[PDB]
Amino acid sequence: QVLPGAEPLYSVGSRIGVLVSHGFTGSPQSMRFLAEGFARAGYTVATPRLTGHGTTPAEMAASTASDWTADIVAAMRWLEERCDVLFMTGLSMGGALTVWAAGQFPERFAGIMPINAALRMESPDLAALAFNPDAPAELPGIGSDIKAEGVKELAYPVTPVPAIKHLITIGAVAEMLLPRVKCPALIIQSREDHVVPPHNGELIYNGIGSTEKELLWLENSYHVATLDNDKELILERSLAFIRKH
């Protein structure tokens, strides 16, 4: 059973496609505005629901980084059916999957837009839960770090402790893949972010092999930027980035 509001978005338009990925404990709700923005400009758009997300925390507890990378591949194949040119964007772990897909399939994307990508969590407490034989099954949730007032994210209200190692793994693999990324990149990072360190944007800008790259700092959003004050700016810049690459 899919929680209401967490369903995936598949829209068919032109032969230019965009893959949009949400992050860890979240769902396609956090990406909907953006996804809709691209479909409305006429692009084909795949915004998958990642395995164990938008259902229950227990399901997520049993999900892995192999599932999630397979979800991105499956969405790339859906786009390659409909499309000649692909872009990918994503929030947080979705932004790490974006970097991962572009390093993994270096010739396949015309461009990427990672947003607050979670390559390095830099958290000793989080690392101390990855393989803790004495840890609770769940902690309090990671959701709704948003500057704009009265705005809600559909995400689990808790963090499933067995899934934590898989977040850290996707980030690590994406960081090591950075020099293999060569497509144009628009790296969007919140200047203040209380979930993923802002330095991740510099990390990406400084490590990729792309010759065409820009680091765009968001001044009016925290972590969930795609639902925040800068959501419209993200859409505008990303539409211009698509149009020009």
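We number the residues from 1 along the sequence you see.
The PDB entry records a higher mean C-alpha B factor for 127 to 135 than for its counterpart among 162 to 170 and 127 to 135.
Averaged over their C-alpha atoms, the temperature factors of 24 to 32 and 54 to 62 are higher for 54 to 62. Comparing the listed residues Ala74, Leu86, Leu119, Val151, the entry records the largest Cα B-factor for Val151. In this PDB entry, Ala225 carries a Cα temperature factor that places it within the middle third of its chain's modelled residues. Among the modelled residues of the chain, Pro106 sits in the middle third by CA temperature factor in this PDB entry. In this PDB entry, the Cα temperature factor of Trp217 sits in the top third of its chain's modelled residues, the highest group. Placement of the Cα temperature factor of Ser190 within the chain: middle third of the modelled residues, per the deposited record. When the modelled residues of the chain are ordered by their C-alpha B factor, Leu235 lands in the middle third.
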